[PDB]
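For reference, the structure discussed in these notes is given below.
Residue numbers (PDB author numbering), protein chains in the order written: chain 03, 1033 to 1084; chain 01, 8 to 234.
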């Protein structure tokens, strides 16, 4: 609790800093760069449905 | 052109079945083959949990003190849950559990319409006894793949911090192929039989689906008969 109560001092002057986290999921889409361990590279042209 | 007709539809399991049509003509087995696969892979009445509001959990990046897996992972197991419904296009279930043990798809408040294909599908585990978890499971029925990302413009105003939204993947099918071979009619130059293999998660019936496919293809015949 000591660490929780007084361990919040950050920078001289600005002792009150509010840090907010913003989680943003980023997916795979036409334009992503995919590769392999072996060295081959690649960029998805048009991710087609599994129908094709 | 002599019309086609269904021969016995091979119903072997809930998971996979094979529709079969005998009177196909020269090359139409290939013709309708790929054609209907597009149908069975796009316009399909599927069910998918969309909203999971939780008792104590606010955001899916937390862990309820009592549950085993992280809440986000438990929700991906919900994407991995296969359920078919009958009347309601929108329905909410309620997972009520407290006690150490793997919670399968049986412990949920099973509604009459709600019908799980395999109730043995453990979703999450509980490690504590005095851990009361109650969560409402809002599942709806539509078609194709619809992400909450594409639905975020409307958003429906989710100010209430308890609303967790996962992807609505209305996809019943899983692996489709069609078996073409020489139809063994006794009097004709040639015909083709088509044993369409369809793999399913286990929620939508073969013939029900093909009449739906014909209905969708019915709309698709309208305009081309009337230029």
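Every residue gets a Cβ at the ideal spot worked out from N, C-alpha and C, and that includes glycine.
Option nearest residue i by Cα separation, candidates the options
i	options	result
residue 24 (chain 01)	230 (chain 01), 228 (chain 01), 210 (chain 01) and 138 (chain 01)	210 (chain 01)
residue 100 (chain 01)	118 (chain 01), 94 (chain 01) and 112 (chain 01)	118 (chain 01)
residue 214 (chain 01)	21 (chain 01), 173 (chain 01) and 133 (chain 01)	21 (chain 01)
residue 150 (chain 01)	9 (chain 01), 178 (chain 01), 139 (chain 01) and 170 (chain 01)	178 (chain 01)
residue 105 (chain 01)	75 (chain 01), 91 (chain 01) and 79 (chain 01)	75 (chain 01)
residue 9 (chain 01)	192 (chain 01), 221 (chain 01) and 165 (chain 01)	192 (chain 01)
residue 196 (chain 01)	30 (chain 01), 207 (chain 01), 66 (chain 01) and 96 (chain 01)	30 (chain 01)
residue 5 (chain 01)	226 (chain 01), 81 (chain 01) and 131 (chain 01)	Coverage of chain 01 is limited to positions 8 through 234, which leaves residue 5 (chain 01) absent and any answer about it impossible.
residue 135 (chain 01)	107 (chain 01), 160 (chain 01), 156 (chain 01) and 153 (chain 01)	107 (chain 01)
residue 128 (chain 01)	44 (chain 01), 225 (chain 01), 208 (chain 01) and 42 (chain 01)	208 (chain 01)
residue 226 (chain 01)	50 (chain 01), 73 (chain 01) and 165 (chain 01)	50 (chain 01)
residue 223 (chain 01)	92 (chain 01), 110 (chain 01), 15 (chain 01) and 52 (chain 01)	52 (chain 01)
residue 1067 (chain 03)	1059 (chain 03), 1076 (chain 03) and 1042 (chain 03)	1076 (chain 03)
residue 185 (chain 01)	202 (chain 01), 175 (chain 01) and 174 (chain 01)	202 (chain 01)
residue 85 (chain 01)	157 (chain 01), 137 (chain 01), 194 (chain 01) and 111 (chain 01)	111 (chain 01)
residue 95 (chain 01)	130 (chain 01), 35 (chain 01), 140 (chain 01) and 146 (chain 01)	146 (chain 01)
residue 83 (chain 01)	58 (chain 01), 234 (chain 01), 198 (chain 01) and 173 (chain 01)	173 (chain 01)
residue 79 (chain 01)	37 (chain 01), 15 (chain 01), 65 (chain 01) and 160 (chain 01)	65 (chain 01)
residue 167 (chain 01)	234 (chain 01), 88 (chain 01), 200 (chain 01) and 59 (chain 01)	59 (chain 01)
residue 1053 (chain 03)	33 (chain 01), 68 (chain 01) and 41 (chain 01)	68 (chain 01)
Three-state secondary structure (DSSP) of residue i
i	result
residue 226 (chain 01)	helix
residue 25 (chain 01)	strand
residue 74 (chain 01)	strand
residue 207 (chain 01)	strand
residue 37 (chain 01)	helix
residue 153 (chain 01)	strand
residue 139 (chain 01)	coil
residue 166 (chain 01)	coil
residue 234 (chain 01)	coil
residue 172 (chain 01)	strand
residue 16 (chain 01)	coil
residue 115 (chain 01)	strand
residue 213 (chain 01)	helix
residue 1054 (chain 03)	coil
residue 69 (chain 01)	coil
residue 159 (chain 01)	coil
residue 46 (chain 01)	helix
Beta-carbon proximity check, residue i vs residue j, cutoff 8 Å
i	j	result
residue 56 (chain 01)	residue 144 (chain 01)	yes
residue 169 (chain 01)	residue 61 (chain 01)	yes
residue 183 (chain 01)	residue 48 (chain 01)	yes
residue 4 (chain 01)	residue 205 (chain 01)	The question about residue 4 (chain 01) has no answer, for chain 01 in this structure spans 8 to 234.
residue 26 (chain 01)	residue 39 (chain 01)	no
residue 43 (chain 01)	residue 190 (chain 01)	no
residue 120 (chain 01)	residue 98 (chain 01)	yes
residue 54 (chain 01)	residue 148 (chain 01)	yes
residue 102 (chain 01)	residue 141 (chain 01)	yes
residue 155 (chain 01)	residue 125 (chain 01)	no
residue 133 (chain 01)	residue 63 (chain 01)	no
residue 36 (chain 01)	residue 233 (chain 01)	no
Identity of the residues DSSP links to residue i by a beta bridge
i	result
residue 1065 (chain 03)	1075 (chain 03)
residue 147 (chain 01)	55 (chain 01) and 97 (chain 01)
residue 220 (chain 01)	Partner(s): none; residue 220 (chain 01) has no beta bridge.
residue 31 (chain 01)	199 (chain 01)
residue 1060 (chain 03)	Answer is none; residue 1060 (chain 03) lacks a bridge partner.
residue 60 (chain 01)	143 (chain 01) and 170 (chain 01)
residue 194 (chain 01)	Residue 194 (chain 01) pairs with nothing; no bridge assigned.
residue 123 (chain 01)	90 (chain 01)
N- and C-terminal bounds of the alpha helix (DSSP H) containing residue i
i	result
residue 106 (chain 01)	That residue, residue 106 (chain 01), is in no alpha helix (DSSP H); it is neither H nor E in DSSP.
residue 83 (chain 01)	78-86
residue 1034 (chain 03)	1034-1038
Beta strand (DSSP E) segment containing residue i, residue limits
i	result
residue 183 (chain 01)	180-189
residue 177 (chain 01)	175-177
residue 1047 (chain 03)	Run containing residue 1047 (chain 03): none; DSSP gives neither H nor E here.
residue 9 (chain 01)	Per DSSP, residue 9 (chain 01) belongs to no beta strand (DSSP E) and is neither H nor E.
residue 133 (chain 01)	131-133
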